[PDB]
Every structure is written in C-alpha cells, then in structure tokens.
Amino acid sequence: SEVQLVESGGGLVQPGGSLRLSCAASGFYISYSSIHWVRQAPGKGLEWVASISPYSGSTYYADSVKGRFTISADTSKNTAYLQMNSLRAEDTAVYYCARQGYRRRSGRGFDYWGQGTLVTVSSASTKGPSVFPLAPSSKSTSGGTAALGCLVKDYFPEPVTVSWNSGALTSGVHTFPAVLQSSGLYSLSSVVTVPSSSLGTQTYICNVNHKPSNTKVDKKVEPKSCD
Amino acid sequence: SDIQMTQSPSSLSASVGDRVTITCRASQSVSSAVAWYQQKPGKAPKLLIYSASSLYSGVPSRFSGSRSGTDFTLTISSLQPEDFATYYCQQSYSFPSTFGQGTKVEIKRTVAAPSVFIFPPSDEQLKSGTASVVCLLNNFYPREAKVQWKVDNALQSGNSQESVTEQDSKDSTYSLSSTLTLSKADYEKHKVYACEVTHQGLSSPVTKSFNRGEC
RNA sequence: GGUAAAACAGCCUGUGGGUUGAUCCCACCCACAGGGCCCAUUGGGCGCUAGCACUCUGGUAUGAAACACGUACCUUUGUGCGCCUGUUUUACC
C-alpha cells in the first residue's frame, strides 16, 4: 500500500531513563489527520497512549502516561514523535503509531497502523544467548518419532530468531515464546520432532540469531555418544 | 472519569463456518463512536468496523457491527480460516480513548493427547553451574494442560516456567514447554527427574522421566 | 359593559389562619402540608405547541477538522423582550 507509518527509536532503556520514538509517514501528509500512539505489552492487549489533533496541535494522554510522555508532530518532516520520560518496567511494550482516518470515510476509526517498535525498560544489560542442545534419545520416542531441540538461555533484550538447518527444516518445528526469568534475562526453547530412524544419519543444526548483541550461534544437536 | 469498555468473552473456540458474536459494553454513553479491530500474532491491528456498524472499505461482508444503547456487538456470520485472530473494540467518543481487553477466537477441533518428551540438562550447561530440565508437550488439543515436576518423587513448586505456542495453522494443536531450573549442586543430590502431564486426552496422567547420568 | 396603558400573581394541589371591607366575599398575604418535571445540585429553577434575541452548560453535522478556527444547527443557564390566565388599578367610551 502507498500509505505507510514507520515507527523507530525503540530499544533498551534503564528504569527512569528517556526515549524518543519517531513515526515517519509516507503516502499521505499527517497535517490533515489526527495521529495516535497505541502500545501493547508482550502477551497483553492494546492500550491507547496519546494523540495529537490536526490544525490545533491539541494533545491528549492516557492517565497511565500523563506527565511523563509528550506527543508532537512536525508538519515539514511529516513525522510524529513520542517523547517518553521517567520510564518504568511496565512501559515495556510494542509501540504503534496509527492514523485516525478521514471522518467522512471511516469516522474515528484508526485506518492505518505501523508495524510497531519494541521498547524494553529494564536494568539488565544487553547479552547474547547461551545455546544448549536438547538431545534426542531412542528411549524417548512417540512411536517412531523422536524429539530434539535447542535451549536458548539468558539473553537480553528480545528478540531472537531460531531456524533449523539454515531454514531447510521447517516441518514439526516449534519455537516457543520466550519467558522472562527472575534474573531479568530471557530464555526460550525451539524443538522439532523427527523420525527415530533418521537420528544416526540426519544432521540437525539450530541457527540462533540475537541481533541486539550481534550474536549468531549455530549448534549441532546430536544423540549422546553412548546412544 | 474514563469510559470503560468491557469486552466479552475473553476467548472463544469455534469451528470453521460457525457464527460468532463478540460483545463490548461501555460504562457511559459513547454515541456510536466504536471501532472494531482484528489482530494476528506479530502483526499490527487492522480496522474492521467504524462508527459501531459501518464496514470499513475492503473488509468482507461477513463482518458486521451493531449498537444497542451502550452495548456493542461484532458478528462474524461464518468464520473462515483467516478469521481466527484476536478482536478488540475501541471507544473514541471522548478522550482518553479506551480499548476493550480483547477476544481471542481460536479453532475448535477434536481432542488430541500430547506427545511428551523430557530432556536432561546438557553436560555443557552443567559445567557452568546450572541445570535446566525441559519437558515438551507436543501437538495437543485443547490448550488446557497441567505439568508437574517431581524430583525423586518430590513435587516441585515455584522453580519452573512454561510457555505455549500459538495454535498451529495446519492441525490446530498447541505445544507447550516447561523448564525446571536447579543449581548444579542441587541437581546432583537426586536421581529421578520426572515430568507428569495431565490432559483431557489422557485417561490418566503420563509421566516421562530419566535417571540422572544414564544414557 | 367595553377599549387602551403601566403594574401584580401564577410548577401542581391541598389544609388552616389572617387581610380589608357590618355580614358576606373573592383577591392578596401568611403558615403548614404534600405531589410532580428540569438544572450546571451542600443548592436552584418551572404561568407558555408562543415564542424571539443574546448569553452560558452540554452536544450534533461538516470543511482532509472530536478541541481550537470557519460554516449550519440542537440543548442547557442566566437575562431581556414577547405571550396566556387571574386580579387590582389609571386614561377613555
């Protein structure tokens, strides 16, 4: 589509720190529209954050961010902004920019949304994962089906990607949502179920990429040597 | 006083072709300034309905919205596979705006018992002083499942975390991983590590276990 | 009897008592008792399909537009004008 919103400026920030998000519009001019910010904590619902009205520049805020966040818009740059101060852990979320559409066409509905940008508020420092194998066994079978995987432990912040055999292996793969551990670091597993008879001849490699730390790990997952 | 939008149900299981109705009840007048959105995992929301009952351009006619006073409904007359998603209402009658809590619409199918697998910690991880024991519940339905960890037949509590995949696009099942975390010193105190799984598709709980250090 | 003018009273309904005329007798007043409808409610207002103006309270629609701005409206508060009834007057017939 020609109409696009692109959020940028997300990333890691310490509690009490500040971040400015940007929302760059393409295919339309924001000066004829209201622009809104909406956020979504991991696994939770949409939460409206702030908005700015055309021609007046009037601004509105959710009670949850009142006094800490400031929304603004630059007509010449065709870009909206969200200045966020005094950030707390509970502000961790994907932040979306959204266009309120044209009144005659879609009322007050928000007709275009950006892809969103992740903001993580934590005292933890960026850290790449340790990748450990989840080895298969012949004693651990569901019929003629074995399971194996990779445990992707102690990384920060989100996200990580996992593929198998450089994307050649997709069937039967389950890569689980990360959990935030009490240490403040994330962990996830990625598994695949394969034929038991394949275990001796077929090779399995999980490819783990953690862009925030510029970390890439390839881990071969093999049956234990005694097996 | 901020306007509340109380959305129900929080989750719905329906078969392809079923009619579903999602309700959003405002705590004050919002006139007809209510919008409905669809959102799929990892994706931005998409507008469906604006002004409580108007279909947004390009949205299929099987979606409809209605207002009765301060109660609002979204109806899908016949679910198609691409319609299984989360749905949100929104009031934009006054500031601050309010989204409803969401309704996740998931695919109903026949019961499927999980395939269960238990993974000892790797020797590599152990060298660093921590043991992660992983239990996999593969391709089951419905989502509700109970995992219990036992260590030499002692029930564990508080030292495990789990997560669940989104419903599989091909077979409509779920999978679940549970991770039990121990210090290496604590791990070496015990022999039998067991994952006990309860699920509607199992007539009695299934236990998968290993003896620490066995092949 | 009527005509005209400036006033006074009227949310709705009682129950007493007074007023001031000998009695009477309504009008006014007073007290009390209720019963509605509305508003911006520690309180305030309501004679009116006879409404109008401005002003506020809260709203609608629209201009690429929730506020602000422009346009066209609705509503409420207050004020003034108008109107109805009842009664008392003054000028006139």
# chains A, B, ... in the order shown; residues from 1 in each chain; ligands from 1
$ interface_residues --of "chain A" --to "chain C" --cutoff "12 Å" --atoms "only C-alpha atoms (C1' of nucleotides)" --output "PyMOL selection string"
chain A and resi 28-34+51-60+100-105+107-109
$ interface_residues --of "chain B" --to "chain A" --cutoff "8 Å" --atoms "only C-alpha atoms" --output "ChimeraX atom specification"
/B:33-35,43-47,49-51,54,56,88,92,95-102,115-122,124-125,161-165,175-177,215
$ select_by_dssp --residues "range 82-199 of chain B" --states "alpha helix (DSSP H)" --output "MDAnalysis selection string"
chainID B and resid 123:127 184:187
$ residues_around --residues "residue 188 in chain B" --least-positions-apart "3" --cutoff "10 Å" --atoms "only C-alpha atoms (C1' of nucleotides)" --output "list in words"
residues 131, 182, 183, 184, 185, 191, 212 and 213 of chain B
$ write_last_selection --atoms "N, CA, C and O atoms" --output "short mmCIF file (atom, residue, chain, number, x, y, z; two decimals), in the first residue's frame"
data_model
loop_
_atom_site.label_atom_id
_atom_site.label_comp_id
_atom_site.auth_asym_id
_atom_site.auth_seq_id
_atom_site.Cartn_x
_atom_site.Cartn_y
_atom_site.Cartn_z
N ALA B 131 21.38 -26.28 36.03
CA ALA B 131 20.70 -27.36 35.33
C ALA B 131 19.32 -26.89 34.89
O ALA B 131 18.50 -26.49 35.72
N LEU B 182 17.43 -25.70 38.33
CA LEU B 182 18.10 -26.05 39.57
C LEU B 182 19.56 -25.65 39.49
O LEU B 182 20.14 -25.55 38.40
N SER B 183 20.17 -25.42 40.65
CA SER B 183 21.62 -25.34 40.70
C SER B 183 22.21 -26.72 40.42
O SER B 183 21.57 -27.75 40.66
N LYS B 184 23.43 -26.73 39.90
CA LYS B 184 24.13 -28.00 39.66
C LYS B 184 24.26 -28.81 40.94
O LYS B 184 24.02 -30.02 40.95
N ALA B 185 24.62 -28.15 42.04
CA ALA B 185 24.75 -28.85 43.32
C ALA B 185 23.43 -29.49 43.73
O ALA B 185 23.40 -30.65 44.16
N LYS B 191 18.26 -38.40 41.88
CA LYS B 191 18.40 -39.34 40.77
C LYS B 191 17.29 -39.22 39.74
O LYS B 191 17.57 -39.03 38.55
N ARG B 212 19.35 -39.41 36.45
CA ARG B 212 20.49 -38.51 36.24
C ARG B 212 21.74 -39.30 35.90
O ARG B 212 22.16 -40.18 36.66
N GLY B 213 22.33 -38.99 34.74
CA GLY B 213 23.56 -39.62 34.32
C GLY B 213 23.41 -40.86 33.45
O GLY B 213 24.42 -41.36 32.94
#
$ residues_around --residues "residue 58 in chain B" --least-positions-apart "3" --cutoff "9 Å" --atoms "only C-alpha atoms (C1' of nucleotides)" --output "number ranges by chain"
B: 48, 55, 61
$ closest_residue --among "B:89, B:105, B:3, B:30" --to "chain C" --atoms "only C-alpha atoms (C1' of nucleotides)"
B:30
$ closest_residue --among "B:70, B:18, B:171, B:32" --to "residue 6 in chain B" --atoms "only C-alpha atoms"
B:70
$ closest_residue --among "C:93, C:43, C:76, C:59" --to "chain B" --atoms "only C-alpha atoms (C1' of nucleotides)"
C:59
$ select_by_dssp --residues "range 3-186 of chain B" --states "strand (DSSP E)" --output "MDAnalysis selection string"
chainID B and resid 5:8 11:14 20:26 34:39 46:50 54:55 63:68 71:76 86:91 98:99 103:107 115:119 130:140 146:151 154:155 160:164 174:183
$ write_last_selection --atoms "C-alpha atoms" --output "JSON list (two decimals), in the first residue's frame"
[["chain", "number", "residue", "atom", "x", "y", "z"],
["B", 5, "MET", "CA", -15.18, -0.83, 27.54],
["B", 6, "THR", "CA", -15.91, -4.27, 28.99],
["B", 7, "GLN", "CA", -15.30, -6.88, 26.29],
["B", 8, "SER", "CA", -16.57, -10.47, 26.46],
["B", 11, "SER", "CA", -11.75, -16.31, 24.46],
["B", 12, "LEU", "CA", -13.96, -18.24, 22.05],
["B", 13, "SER", "CA", -13.45, -21.67, 20.48],
["B", 14, "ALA", "CA", -15.41, -22.08, 17.26],
["B", 20, "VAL", "CA", -19.63, -15.84, 16.48],
["B", 21, "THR", "CA", -20.68, -12.74, 18.38],
["B", 22, "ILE", "CA", -18.30, -10.60, 20.43],
["B", 23, "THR", "CA", -19.69, -8.02, 22.86],
["B", 24, "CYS", "CA", -18.27, -4.75, 24.19],
["B", 25, "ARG", "CA", -20.22, -2.84, 26.87],
["B", 26, "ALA", "CA", -19.46, 0.83, 27.52],
["B", 34, "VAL", "CA", -16.97, 2.48, 18.48],
["B", 35, "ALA", "CA", -14.46, 0.75, 16.22],
["B", 36, "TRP", "CA", -13.51, -2.93, 15.94],
["B", 37, "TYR", "CA", -10.05, -4.28, 15.02],
["B", 38, "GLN", "CA", -8.56, -7.63, 14.10],
["B", 39, "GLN", "CA", -5.03, -8.56, 15.15],
["B", 46, "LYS", "CA", -6.49, -3.88, 11.18],
["B", 47, "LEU", "CA", -9.68, -1.82, 11.11],
["B", 48, "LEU", "CA", -12.92, -3.78, 10.53],
["B", 49, "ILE", "CA", -15.89, -1.66, 11.66],
["B", 50, "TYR", "CA", -16.15, 2.07, 12.38],
["B", 54, "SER", "CA", -20.14, 0.71, 9.25],
["B", 55, "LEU", "CA", -17.98, -1.74, 7.34],
["B", 63, "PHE", "CA", -18.24, -8.92, 9.40],
["B", 64, "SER", "CA", -20.92, -6.71, 10.91],
["B", 65, "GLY", "CA", -21.36, -4.47, 13.93],
["B", 66, "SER", "CA", -24.40, -3.38, 15.88],
["B", 67, "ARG", "CA", -25.24, -0.93, 18.68],
["B", 68, "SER", "CA", -27.93, -1.28, 21.33],
["B", 71, "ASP", "CA", -23.75, -2.34, 24.25],
["B", 72, "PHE", "CA", -21.87, -3.09, 21.03],
["B", 73, "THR", "CA", -21.51, -6.34, 19.11],
["B", 74, "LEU", "CA", -19.21, -7.61, 16.38],
["B", 75, "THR", "CA", -20.64, -10.58, 14.45],
["B", 76, "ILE", "CA", -18.85, -12.87, 12.01],
["B", 86, "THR", "CA", -7.84, -11.55, 18.33],
["B", 87, "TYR", "CA", -10.51, -8.83, 18.13],
["B", 88, "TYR", "CA", -10.61, -5.51, 20.01],
["B", 89, "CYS", "CA", -13.29, -2.86, 20.40],
["B", 90, "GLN", "CA", -12.40, 0.79, 20.95],
["B", 91, "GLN", "CA", -14.41, 3.83, 22.09],
["B", 98, "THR", "CA", -10.33, 3.09, 25.61],
["B", 99, "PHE", "CA", -9.70, -0.32, 24.03],
["B", 103, "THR", "CA", -11.37, -11.63, 22.44],
["B", 104, "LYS", "CA", -9.17, -14.40, 21.08],
["B", 105, "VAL", "CA", -11.08, -16.55, 18.58],
["B", 106, "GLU", "CA", -9.44, -19.98, 18.22],
["B", 107, "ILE", "CA", -10.23, -23.07, 16.13],
["B", 115, "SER", "CA", 3.23, -36.46, 22.99],
["B", 116, "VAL", "CA", 5.55, -35.94, 25.97],
["B", 117, "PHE", "CA", 9.36, -35.76, 25.97],
["B", 118, "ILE", "CA", 11.79, -34.97, 28.80],
["B", 119, "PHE", "CA", 15.29, -33.54, 28.23],
["B", 130, "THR", "CA", 23.01, -24.51, 36.38],
["B", 131, "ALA", "CA", 20.70, -27.36, 35.33],
["B", 132, "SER", "CA", 17.74, -26.71, 33.02],
["B", 133, "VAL", "CA", 15.40, -29.71, 32.66],
["B", 134, "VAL", "CA", 12.92, -29.35, 29.80],
["B", 135, "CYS", "CA", 9.58, -31.11, 29.29],
["B", 136, "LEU", "CA", 7.88, -30.89, 25.89],
["B", 137, "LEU", "CA", 4.14, -31.46, 25.37],
["B", 138, "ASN", "CA", 3.77, -31.74, 21.59],
["B", 139, "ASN", "CA", 0.70, -31.13, 19.40],
["B", 140, "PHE", "CA", -2.26, -31.39, 21.77],
["B", 146, "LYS", "CA", -1.09, -29.42, 33.66],
["B", 147, "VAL", "CA", 2.64, -30.15, 34.00],
["B", 148, "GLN", "CA", 4.06, -31.24, 37.35],
["B", 149, "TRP", "CA", 7.75, -31.74, 38.04],
["B", 150, "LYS", "CA", 8.91, -34.38, 40.51],
["B", 151, "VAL", "CA", 12.45, -34.89, 41.77],
["B", 154, "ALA", "CA", 9.00, -34.86, 45.48],
["B", 155, "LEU", "CA", 6.58, -32.41, 43.87],
["B", 160, "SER", "CA", 9.54, -23.91, 36.66],
["B", 161, "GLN", "CA", 8.31, -21.71, 33.84],
["B", 162, "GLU", "CA", 6.31, -22.64, 30.79],
["B", 163, "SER", "CA", 5.17, -21.20, 27.52],
["B", 164, "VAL", "CA", 2.76, -22.28, 24.81],
["B", 174, "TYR", "CA", -0.87, -26.43, 20.74],
["B", 175, "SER", "CA", 2.55, -27.31, 22.09],
["B", 176, "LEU", "CA", 3.97, -26.46, 25.49],
["B", 177, "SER", "CA", 7.45, -26.39, 27.02],
["B", 178, "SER", "CA", 8.15, -26.37, 30.74],
["B", 179, "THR", "CA", 11.62, -25.66, 32.12],
["B", 180, "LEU", "CA", 12.69, -26.67, 35.62],
["B", 181, "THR", "CA", 15.73, -24.75, 36.89],
["B", 182, "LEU", "CA", 18.10, -26.05, 39.57],
["B", 183, "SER", "CA", 21.62, -25.34, 40.70]]
$ decode --residues "range 22-60 of chain B" --atoms "N, CA and C atoms" --output "CSV table (one decimal), in the first residue's frame"
chain,number,residue,atom,x,y,z
B,22,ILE,N,-19.2,-11.2,19.4
B,22,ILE,CA,-18.3,-10.6,20.4
B,22,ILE,C,-18.9,-9.3,20.9
B,23,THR,N,-19.0,-9.1,22.2
B,23,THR,CA,-19.7,-8.0,22.9
B,23,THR,C,-18.7,-7.1,23.6
B,24,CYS,N,-19.0,-5.8,23.5
B,24,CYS,CA,-18.3,-4.7,24.2
B,24,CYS,C,-19.3,-3.8,24.8
B,25,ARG,N,-19.2,-3.6,26.2
B,25,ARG,CA,-20.2,-2.8,26.9
B,25,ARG,C,-19.6,-1.6,27.5
B,26,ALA,N,-20.0,-0.4,27.0
B,26,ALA,CA,-19.5,0.8,27.5
B,26,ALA,C,-20.1,1.2,28.9
B,27,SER,N,-19.3,1.9,29.7
B,27,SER,CA,-19.8,2.3,31.0
B,27,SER,C,-20.5,3.6,31.1
B,28,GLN,N,-20.5,4.3,29.9
B,28,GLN,CA,-21.1,5.6,29.8
B,28,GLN,C,-21.5,5.7,28.3
B,29,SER,N,-22.3,6.7,27.9
B,29,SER,CA,-22.6,6.9,26.5
B,29,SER,C,-21.3,7.1,25.7
B,30,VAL,N,-21.2,6.4,24.6
B,30,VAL,CA,-20.2,6.7,23.6
B,30,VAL,C,-20.8,7.0,22.3
B,31,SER,N,-22.0,7.3,22.2
B,31,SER,CA,-22.8,7.5,21.0
B,31,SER,C,-22.5,6.3,20.1
B,32,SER,N,-22.2,6.4,18.8
B,32,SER,CA,-21.8,5.3,18.0
B,32,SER,C,-20.3,5.3,17.7
B,33,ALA,N,-19.5,5.9,18.5
B,33,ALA,CA,-18.1,6.1,18.2
B,33,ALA,C,-17.3,4.9,18.7
B,34,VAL,N,-17.6,3.7,18.1
B,34,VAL,CA,-17.0,2.5,18.5
B,34,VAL,C,-16.4,1.8,17.2
B,35,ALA,N,-15.1,1.4,17.3
B,35,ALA,CA,-14.5,0.7,16.2
B,35,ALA,C,-14.1,-0.7,16.7
B,36,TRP,N,-14.0,-1.6,15.7
B,36,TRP,CA,-13.5,-2.9,15.9
B,36,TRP,C,-12.3,-3.2,15.1
B,37,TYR,N,-11.3,-3.9,15.7
B,37,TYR,CA,-10.1,-4.3,15.0
B,37,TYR,C,-9.8,-5.8,15.1
B,38,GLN,N,-9.1,-6.3,14.1
B,38,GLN,CA,-8.6,-7.6,14.1
B,38,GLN,C,-7.0,-7.6,14.3
B,39,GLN,N,-6.5,-8.5,15.1
B,39,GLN,CA,-5.0,-8.6,15.1
B,39,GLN,C,-4.6,-10.0,15.2
B,40,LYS,N,-3.6,-10.3,14.4
B,40,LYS,CA,-2.9,-11.6,14.3
B,40,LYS,C,-1.6,-11.5,15.0
B,41,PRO,N,-1.0,-12.7,15.4
B,41,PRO,CA,0.2,-12.7,16.2
B,41,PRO,C,1.4,-12.0,15.4
B,42,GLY,N,2.0,-11.1,16.1
B,42,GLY,CA,3.2,-10.4,15.5
B,42,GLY,C,2.9,-9.3,14.5
B,43,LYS,N,1.6,-9.0,14.3
B,43,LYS,CA,1.1,-8.1,13.3
B,43,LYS,C,0.4,-6.9,13.9
B,44,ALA,N,0.3,-5.8,13.1
B,44,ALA,CA,-0.4,-4.7,13.6
B,44,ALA,C,-2.0,-4.9,13.5
B,45,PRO,N,-2.8,-4.2,14.3
B,45,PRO,CA,-4.2,-4.3,14.2
B,45,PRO,C,-4.7,-3.8,12.8
B,46,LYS,N,-5.8,-4.3,12.4
B,46,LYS,CA,-6.5,-3.9,11.2
B,46,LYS,C,-7.9,-3.5,11.5
B,47,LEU,N,-8.3,-2.3,10.9
B,47,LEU,CA,-9.7,-1.8,11.1
B,47,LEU,C,-10.7,-2.7,10.4
B,48,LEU,N,-11.8,-3.0,11.1
B,48,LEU,CA,-12.9,-3.8,10.5
B,48,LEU,C,-14.2,-3.0,10.4
B,49,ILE,N,-14.6,-2.3,11.5
B,49,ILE,CA,-15.9,-1.7,11.7
B,49,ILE,C,-15.6,-0.3,12.3
B,50,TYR,N,-16.2,0.8,11.8
B,50,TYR,CA,-16.1,2.1,12.4
B,50,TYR,C,-17.6,2.6,12.6
B,51,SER,N,-17.7,3.5,13.6
B,51,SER,CA,-19.0,4.2,13.9
B,51,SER,C,-20.0,3.1,14.2
B,52,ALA,N,-19.6,2.1,14.9
B,52,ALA,CA,-20.3,1.0,15.5
B,52,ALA,C,-20.9,0.0,14.5
B,53,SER,N,-21.2,0.4,13.3
B,53,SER,CA,-21.9,-0.5,12.4
B,53,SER,C,-21.5,-0.3,10.9
B,54,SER,N,-20.5,0.5,10.6
B,54,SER,CA,-20.1,0.7,9.2
B,54,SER,C,-18.9,-0.2,8.9
B,55,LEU,N,-19.0,-0.8,7.8
B,55,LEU,CA,-18.0,-1.7,7.3
B,55,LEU,C,-16.9,-0.9,6.7
B,56,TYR,N,-15.6,-1.1,7.2
B,56,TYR,CA,-14.5,-0.4,6.6
B,56,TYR,C,-14.2,-0.9,5.2
B,57,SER,N,-13.8,0.0,4.3
B,57,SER,CA,-13.6,-0.3,2.9
B,57,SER,C,-12.6,-1.5,2.8
B,58,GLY,N,-13.1,-2.5,2.0
B,58,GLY,CA,-12.3,-3.7,1.7
B,58,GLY,C,-12.5,-4.8,2.7
B,59,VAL,N,-13.2,-4.6,3.8
B,59,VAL,CA,-13.5,-5.7,4.7
B,59,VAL,C,-14.6,-6.6,4.2
B,60,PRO,N,-14.5,-7.9,4.4
B,60,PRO,CA,-15.6,-8.8,3.9
B,60,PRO,C,-16.9,-8.6,4.6
